Amino acid sequence: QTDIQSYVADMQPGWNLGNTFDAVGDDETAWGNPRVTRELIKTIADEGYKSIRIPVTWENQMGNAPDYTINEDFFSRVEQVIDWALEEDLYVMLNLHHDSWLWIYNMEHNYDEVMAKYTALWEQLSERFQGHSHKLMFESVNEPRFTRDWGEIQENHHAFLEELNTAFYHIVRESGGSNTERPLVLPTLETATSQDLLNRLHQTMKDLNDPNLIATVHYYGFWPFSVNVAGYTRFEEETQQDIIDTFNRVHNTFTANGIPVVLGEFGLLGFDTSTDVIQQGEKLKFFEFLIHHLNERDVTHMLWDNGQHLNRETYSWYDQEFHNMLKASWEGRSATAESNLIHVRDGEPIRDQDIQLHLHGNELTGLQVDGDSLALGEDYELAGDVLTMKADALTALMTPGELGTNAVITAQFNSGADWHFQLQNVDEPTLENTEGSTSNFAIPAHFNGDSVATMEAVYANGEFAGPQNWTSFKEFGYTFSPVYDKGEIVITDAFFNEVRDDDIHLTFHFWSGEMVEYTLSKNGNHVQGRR
C-alpha cells in the first residue's frame, strides 16, 4: 500500500463541522450554530473520530478586486480551529464551500473574474498554511456546478472543473514549503458518482501526475428513500443496490488503481428537513449497510453534521442509538431486524410474537430489559434467526390501556451494536373532522401509540394529487407532518399550492400496518376535513 493510501486510511472515520464557517451570512454563527469551542473539537476526537472536515464559505469575508483579501478576524478564527484540530492529532480537510454556487458557478459568463477570485483565495490559503502539518489537506471546491444551458451537465462544465482543479493544484504546489507535498483533494462534478464524472476526475488526476492526490465524492442515499417519498419508507433492495453499484464503480475507477477515495459527505437527504423523516430502525439499517460496504471498499468516510447529530451545547449526541450504530459499524457488521418496533394491540389477547432477525454473520447471545437479562424459554425463544417473544413476557412488560412504548427489549449479540426493540402498545389510530385555511391546516389525530410512515393523496377520480404528481405517496415533512406532542397531522401550504379545487382522498400509512382514510374538500384558500 502506498503512502497516500495509508494517509487516507488513517483518516477513518471523519466528521464534518457543518453549517459552521460554511454558513452564508455575516459569520459562522449565521445559521444557528455557536462559535467553535476547543471542547467541540476535543469531543469529536474523544468520540473516536480521526479526521475533521471544515467547510468554509469565503465570499462574504472577501475584500474587493484585485486582492480580495480575506477578513483577518474570520481567517484567524478558521486557522485557530484548524490548529486545535491538529493539536488533537486529527487530520483536517479545508475547502471553498458555498462559493461554488454563490460565485464559482458563473464561469461560462464571467470567466476572468471567477478565475481571479479563485486564484486570490487559494493564494491566501496556500500562504497562510504554508508551514502547517501534512495532516492538513486542501480540497479545491465543494460540489462544483455550473450555469445550465443544455441540462445540468455539459462538456464546457467538465472543462471548467478541470481548469479549476488544475489552477488550484499549481497554486498550492508553487507555494512551496509543506504545500509541496500537501495532500490535495479533488471533486468529481457535483461530487456525484456517474461513471463519466468518475472518468473525467480520473483523467484530470492522470494529467496532474502527482502521488499526493485524493478523489472525493458525496453520497446521501437512493433519493426516494432518503427523503421518504414514492412509498420508499423502508430500507429495501433498491436502496441497497444503489449503494452497492455506486461504490463498486467508485472502487473500480479509483481505489482499484492507486487513487484513494474520501466520501467527503454522507448522510440522508431527508435530514435537511429532520431526523424524524426516516423511521429509526430503517435509518440504522441504512447506515449499517452503507458503512459495511464502504469498509469493504476502503472508502474513508466523513459524516455530514450541520448541528443536528452532536448537540454542540452539551457535547453529546442527540441520538445515542444512531451514533452507537455508526461506532459499531466502524469495526464490523451489526445484527439488525425487520423492524425496531414490536406492536401489540391493546384489548386483544396477547400472544407469542415472531420477529425476523438479520444476523449479518453475528449471533444472538441474550435479551435484556432495564439491564436485566430475560429468561430463555420462559420469556423468549430463538429458531434459527427468528426471535419469538413469549406471551407472558409481553404481558408482564406491558400495561393495559397505556398506549405507546411500554418497554424496550435489548437484543445482544456476540459482535456489533445492541438492537433495541420498542414494545408499542397500540390501538387503531383515529382522525377527526376539521375546518381551516390552506396555510394553517391540521387534522386532529389520535395516534394511539402508532406512528405515521407515509401518506397517499389522490383526487376523487383516482388521479395523483399534490407535489411529485408521478406518485401517490407524498414526501414526508414537505407535504405533511405528524406532530405527536400536539396530537395532530399538519398539511402544509406547499401541498395545497399544488392541488386543484376538488375532493382529495388521503391515505395515512402507519408502521403498525394500519391505514386510515381521510377526505379533504379544497376550495380557494379553505379546506374541510372529513374523517
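Procedures and definitions
Residues numbered from 1 in each chain as written, not as in the entry; some residues may be left out. Heavy atoms only, no water. Core = buried A, V, L, I, M, F, W, Y, C linked by side-chain atoms within 4.5 Å. Buried < 20%, exposed > 50% of the residue type's maximum accessible area, 1.4 Å probe, protein only. Domains from an automatic or database assignment. Contact = heavy atoms within 4.5 Å. Helix = DSSP H or I, 4+ residues; strand = E, 2+ residues; numbered from the N terminus. Expected span 1.5 Å × (residues − 1). Polar contact = N/O pair within 3.5 Å; in protein donor to acceptor, adjacent residues only side chain to side chain. Pairing = 2+ DSSP bridges.

1. Let's talk about the nonpolar core
So, point 1. Judged by nonpolar contacts, the single largest core of 113 residues is most densely connected at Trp58, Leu94, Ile491, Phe495, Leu506 and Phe508.
So, point 2. In terms of domain composition, this core takes at least three residues from each of domain 1 (1–333) and domain 3 (428–531).
So, point 3. When near neighbours in sequence (up to four residues on either side) are disregarded, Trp58 contacts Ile70, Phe74, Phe75, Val78, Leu94, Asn95, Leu96, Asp99, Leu121 and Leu125.

2. Observations regarding helix α3 (residues 72–87)
So, point 1. The first and last C-alpha atoms of α3 sit 22 Å apart over 16 residues, in line with the 22 Å expected at 1.5 Å per residue.
So, point 2. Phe74, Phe75, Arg77, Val78, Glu79, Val81, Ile82, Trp84, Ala85 and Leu86 are the residues of α3 that are buried.
So, point 3. Where α3 is buried, its residues meet α2 (38–46), β2 (51–54), β3 (91–94), α5 (111–128) and β4 (136–139).
So, point 4. With a side-chain oxygen lying 3.0 Å from the backbone nitrogen of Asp73, the N-terminal cap of α3 falls on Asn71.
So, point 5. One or two residues past the end of α3 sits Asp89, with phi positive at roughly 65°.

3. Let's talk about the sheet that holds strand β11 (residues 336–337)
Picture the strands of a sheet paired through backbone hydrogen bonds; they go either parallel or antiparallel.
So, point 1. Spatial ordering of the open sheet is given by β11-β13-β17-β16, a layout of four strands whose pairing is antiparallel. Two strands lie at the open edges of the sheet, namely β11 and β16 (380–383), each paired on one side alone.
So, point 2. Bridge analysis of β16 against strand β17 (residues 386–389) gives four bridges, and the strand direction is antiparallel. Bridging across to β17, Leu382 finds its partner in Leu387.

4. Some details on α5
So, point 1. The end-to-end C-alpha distance of α5 is 26 Å, a good match for the 26 Å that 18 residues give at a rise of 1.5 Å each.
So, point 2. Buried within α5 we find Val114, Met115, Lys117, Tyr118, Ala120, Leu121, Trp122, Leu125 and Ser126.
So, point 3. Where α5 is buried, its residues contact α3, β3, α4 (99–104), β4 and α6 (155–175).

5. Quick notes on unusual backbone geometry
So, point 1. For the peptide bond that leads from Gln12 to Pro13, omega is -5°, which places it in the cis range.
So, point 2. With respect to the element layout, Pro13 can be found in the loop between α1 (3–9) and β1 (14–16).
So, point 3. Along the chain, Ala65 connects to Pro66 via a cis peptide bond; the corresponding omega equals 0°.
So, point 4. Positioned with a positive phi, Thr191 is a non-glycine residue whose angle comes to about 40°.
So, point 5. Structurally, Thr191 is set in the loop between β5 (184–187) and α7 (195–208).
So, point 6. The phi dihedral of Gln468 falls on the positive side, at around 50°, and the residue is not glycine.
So, point 7. Mapping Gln468 onto the fold places it in the loop between β23 (452–459) and β24 (473–474).
So, point 8. Using a relative accessible area of 32% as the deciding quantity, one classes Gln468 as partly exposed.

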